[PDB]
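Coming up are structure 1 and structure 2: the same protein chain in two forms, each one given alone as structure tokens.
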Structure 1
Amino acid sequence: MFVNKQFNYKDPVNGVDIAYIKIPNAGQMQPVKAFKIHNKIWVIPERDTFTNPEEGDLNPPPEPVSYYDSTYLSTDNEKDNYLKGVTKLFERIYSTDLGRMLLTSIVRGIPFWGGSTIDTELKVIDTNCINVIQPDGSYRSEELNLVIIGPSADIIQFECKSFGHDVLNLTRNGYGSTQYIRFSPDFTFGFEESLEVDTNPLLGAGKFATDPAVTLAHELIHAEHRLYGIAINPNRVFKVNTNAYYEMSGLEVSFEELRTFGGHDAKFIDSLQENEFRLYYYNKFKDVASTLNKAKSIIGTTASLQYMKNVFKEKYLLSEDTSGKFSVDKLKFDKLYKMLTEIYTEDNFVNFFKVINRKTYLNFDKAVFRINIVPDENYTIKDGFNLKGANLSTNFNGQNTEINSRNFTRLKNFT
């Protein structure tokens, strides 16, 4: 349903949902084959050597939790598997009510059209589009919200990447920007069942495997914060004082990560700072409402001013008065803000998937495993690794790398 058609890496390009594309702001690059799996969402089965200029080399840089393999995702078979793996994960996520809500929010989360220097003109920002090569060879500029792409040099460094603006802080000013998620459905992390063990850097080999659907959901949640322009400034961190090994090393974790995980982790952000951020972003939305009201012109005859004004009215859940003037209703703002920051959390997704998972973001990496979720015999949209009939359905046996040994190959231990 979420991905209505089957995609094969070798399917011929049609210039519509299967095409060679170029990422603007990415400098000079060769067109790469991409697949549009859903409205506003694309997948590029390639290692990411375009978003960051100084990150085009896949070989292990000079001399930590990291894993390198310059050959991963270099063959057509691997790219086909990557595409099928990612599509499958989106479907697993969409199969839950929470995931359906999240993906709906992501599609509705179009980056704001605030690219004009004139306050009466509404214009798209080039950081939020890709250039799509058409059958006739010409290019077609297309707006999009999300792009799933292969990892860069460090295979296990999953993260959101987005292009910046000269002056605008798009991921924190309420505007939002297109997010490129480096991710792989072909590897997963190992964790320990015991809290005392999982949060200790010297113990555990990583007996249980993280369900990659949770990992992708985690990145999607993080991406949606950036899409709605309410990501917490990275300089806002928590000087961990709840873990003796974190304090010992003076390690710090950004509020953004704690918020994304949810559960008890989010409670580390004290009430004052919580209100501070909410007030801040409430004001940013008011700014978007004013800009819309001040808009009398629009660029790009792909839609009318009335249409786009309404698109953002929906995205930001703004209120329109009798005169057709937009404003931000505190109740509505608080509702949307809470949905994006408290309802969509890693902890809540675990409850929906019914999988075993780390209990806190404040733990220690144990290991990385190679996996293959494409075959139904190994992983299904409905149960992940814990197959219904199989003897893998209970006690999370499917995620148990010792019992379900054939589905996991430990590549590196971090403990």
Structure 2
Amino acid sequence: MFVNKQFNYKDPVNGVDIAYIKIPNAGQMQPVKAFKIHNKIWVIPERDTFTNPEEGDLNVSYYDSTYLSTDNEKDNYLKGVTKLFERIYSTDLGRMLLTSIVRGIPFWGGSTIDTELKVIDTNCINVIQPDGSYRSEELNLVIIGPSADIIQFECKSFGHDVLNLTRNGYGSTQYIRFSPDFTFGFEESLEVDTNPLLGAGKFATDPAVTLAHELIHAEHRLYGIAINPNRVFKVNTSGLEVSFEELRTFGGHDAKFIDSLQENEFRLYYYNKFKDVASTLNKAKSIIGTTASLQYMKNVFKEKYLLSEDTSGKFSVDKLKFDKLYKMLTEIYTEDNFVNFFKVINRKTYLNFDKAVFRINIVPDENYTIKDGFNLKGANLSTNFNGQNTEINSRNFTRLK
């Protein structure tokens, strides 16, 4: 259901959901073969050597310039990523998260003429057709291979000359450098109430959790309510800094590092930002790039932001409607609640730096399933979290660094 059709890397482009594309801003990059696995979501099975110029080559942290270079790999990569989305989507939470994301079309704040609505083309990609013509397409999310540092997973946008799209409520297309071929090991934090009967050795993080973690960053950013990367907490451990955004995203006890005073400050801030958006739509009397109507566009953002529209068509931000949306996005969609749903083991806090990288392969149903992840049912790997025991389930994990 979430991805409706089998995509093989070697399938012929068609100009619709399989095509060579170009990421505006990459400039003169050569086209890359991407796949549209869902409305507003694409996957590029390449090592990210485009989003950032300074990182044009693939020359704890893992490096391998040869990684994800063969079509066969790109294939397995496409299937892994797809499998995880399905896994995330199979949970109500994930179903909800993925829904918010598709609805989070980055806002049309490209105009300098307050009475005009206009796209910000860094939120589009050029889809090359079979004839050779290109077509600009809007998209909310792109999943791409990692750059030089294979285990450096992040969420990145293209920013604006003046606007802060990820923090002004507008939003922007998000590019998640991620890989389903690796996972991290953490250590069974043994506490009085923790199950004593826990396998042995270190466990591996369920890759679905890792992806979820990023889609959460992607949600915040798409709705332009991401916490400034500068706001951090000096955790007592000298003193280590950790961004509020990360703590928020991880959720759980870590999210409580953001005191009530900060919470209200952020909530009132973006409430105000959303209001400006409603206000902008109201002043809007014309649109540019007409393959679509003004009304439709206004409605699309009414839906995204959950604005209220009076009989005269005037939009407005309803305080309790906002509260729900904003809460859902920042308090309900957290790594911790995903661990609750997946019922898998994961580090208890964002603070768990444990050197351990394993090459994995969740594509085979013999190793990983949508519903059980590594803790396969009938299998024996489904208890005390055996599936995630790099010892007990040694065959699914290959140490690297």
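Sequence positions of structure 1, starting at 1, serve as the residue numbers. The term rigid core refers to the maximal set of C-alpha atoms that superpose within 1.5 Å between the two forms.
- With the core fitted between structures 1 and 2, just one of 229, 204, 151, 85 shows a Cα displacement of at least 2 Å, namely 204.
- Core-superposed comparison between structures 1 and 2: CA of residue 118 displaced by less than 2 Å.
- In this overlay on the rigid core, residue 167 has a C-alpha that sits less than 2 Å away from its partner position between structures 1 and 2.
- Once the rigid core is overlaid between structures 1 and 2, residue 279 does not reach a Cα shift of 2 Å, moving by less than that.
- Aligning the rigid core leaves the CA of residue 43 displaced by 0.1 Å between structures 1 and 2.
- Relative to the superposed core, residue 366 moves its CA by 2.6 Å between structures 1 and 2.
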